[PDB]
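Okay, so here's just one chain, in structure tokens, the form deposited in one PDB entry.
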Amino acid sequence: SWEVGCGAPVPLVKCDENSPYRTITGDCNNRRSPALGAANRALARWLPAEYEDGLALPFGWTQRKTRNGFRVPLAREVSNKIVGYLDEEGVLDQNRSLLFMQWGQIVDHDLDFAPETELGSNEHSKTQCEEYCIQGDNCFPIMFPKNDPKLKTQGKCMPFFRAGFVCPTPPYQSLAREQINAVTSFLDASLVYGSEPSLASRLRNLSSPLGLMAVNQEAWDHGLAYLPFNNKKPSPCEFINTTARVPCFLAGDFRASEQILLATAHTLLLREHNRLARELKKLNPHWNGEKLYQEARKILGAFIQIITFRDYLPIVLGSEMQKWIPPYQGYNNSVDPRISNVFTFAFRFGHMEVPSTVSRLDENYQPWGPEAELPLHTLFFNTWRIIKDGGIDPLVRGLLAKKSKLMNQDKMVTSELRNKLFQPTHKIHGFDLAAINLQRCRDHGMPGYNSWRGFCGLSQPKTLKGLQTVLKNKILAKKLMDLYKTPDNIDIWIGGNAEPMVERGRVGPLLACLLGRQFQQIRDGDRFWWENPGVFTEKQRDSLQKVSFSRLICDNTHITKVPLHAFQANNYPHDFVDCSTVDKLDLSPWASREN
């Protein structure tokens, strides 16, 4: 009646509602509707898609087609006129560590991923955009505006391919196009363990019966483990230094080597699983491999949940934390736990938190080596700088002692991302993440800024002066009106990120509402939430309350000096303490069974 009843994923999945553990795919979390929150299904629509033709074609696709009577601006022009800035001085966050930015990317990768269509590049399909910039089908290139420097140096466009959609692949009709979420919507450490059975098994050490995750066999970090290499060619991590020839890492998530501090974070997370699996073997020598894997996995998922909801979200949402995410009251099976399409743009706020450089620091937290600080763009797809140039310990100290970029209406996105982004199969450090984000909003059929203001119960500015009051910025509002002609047409990514930040937070009201709702739903709609009665024992839960990121670092590096509050801006040695000061995770309550 209402829909075509589309069933894209393998419709066949057996549940076994006895099981104490999550599935890898996210299936069977919800008993009534077992596909809810599972990978490889459509992103949720909180509002109906808005396409130029009602169905599929992004706004901007057809030159003569207006949105509400006006042409949508070129995404790269928006980027150049609004998002870009020259001066990196004065741009850092005096009260957020670089680790704050990094955790955000980690959580994001746990929750959502809308891969571009035709997930493996075949033949010369992509001579369309890359070579000749011809818009057609899934080819939706980002065209340069006149007077853009990149015109002189790089050609007429940046290539951009449309995101994958559910029912068919290249064709579709009789319904609006719905993009795919290829990972589980639950905050479940899927970035570590995988979202498909297949990857999930390849990541494991099945050779031993200790419940370990596979580790690198070709390299070590003062004996501490690295992730296995992904030996798929062609490797971007190889392409960026064919002399080192150090390939990308293989992780539960495809994007783990996009930048060195993300690869770093994934490495910490792997070690913690192996560490937990060893402690569980000691206490329970009678537990088999499978038991040890699941129980470690379960602890690790709880860890990410706690860090996120107890430490991270409060200092993102600030004053609005309590409004959108009140204290836990138990699993509710009527709550939809699926990630919305809009959320996958709202969480891009992190793009304005990425600074232009990364530092390696020694044990006195001083520059590590002559080239301790590096431009961010030299670190995309960069594994060799880990394997061959100090392991993760120096980078982790940088995450603690260096600062995030602060979002700034006059300095939104560093040119390292806005001009120097590298993407696989594109060969150059010359893309623009901002422009991509805006093109993707259109690709995904996003409602515009005032639709979402309306959704969130917020005023909907119609005039320049209305917009000035909401943004509390006259020039920004003017540039936005010059480009969009109406606030109704402002892309959600830029509109949302334009708004001044809420007290004690790092996003504005609109984003706090959109993020706040999504996270509430992730928690309340999850049958395996760590605090749901039955998931963990009383005593297990008492031990998990004492997890911290500080302690993750101590147990999984050879770092012995850490802050107590790692997401804060911390200066060494004053704000730093010895590792012995810090609570450990007490695994006693996982002792087989009591006397």
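Only residues modelled in both forms are compared. If you superpose the two forms and keep the largest set of C-alpha atoms that fall within 1.5 Å, you have the rigid core. The first residue of the shown sequence is 1; numbering continues from there.
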Requested in this report: Output the stretch having the higher mean C-alpha B factor in the entry; the candidates are 273-281 and 443-451.
Outcome: 273-281
Query raised in the report: Which wins on mean Cα temperature factor, 556-564 or 525-533?
Result: 556-564
Requested in this report: Could you check 505, 104, 252, 211 and tell me which one carries the biggest Cα B-factor in the deposited entry?
Outcome: 211
Report summary line: When the entry's CA B-factors for 171, 301, 350, 355 are compared, the highest one belongs to 171
Report task. Check where residue 229 lands among this chain's C-alpha B-factors and tell me if it's the lowest, middle or highest third. Result -> middle
Requested in this report: Please rank the C-alpha B-factors of the chain's modelled residues and tell me whether residue 52 sits in the lowest, middle or highest third.
Outcome: middle
**Report entry** residue 426, C-alpha B-factor rank within chain (lowest, middle or highest third)
**Finding:** highest
Query raised in the report: Which third of the chain holds residue 545 when residues are ordered by C-alpha B factor: lowest, middle or highest?
Result: highest
Report summary line: residue 241: CA B-factor among chain residues, third -> highest
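Below, we turn to the form deposited in another entry, even though it does not appear here.
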Query - Which one of 285, 330, 120, 149, by Cα shift of 2 Å or more between the shown form and the other one, core superposed - result: 120
Query raised in the report: Relative to the superposed rigid core, does the CA atom of residue 589 travel 2 Å or more between the shown form and the other one?
Result: no
Report task. Send over the list of consecutive residue runs, 3+ long, where the C-alpha shift is 2 angstroms or more at every position between the shown form and the other one on a core fit. Result -> 7-9, 119-123, 593-595
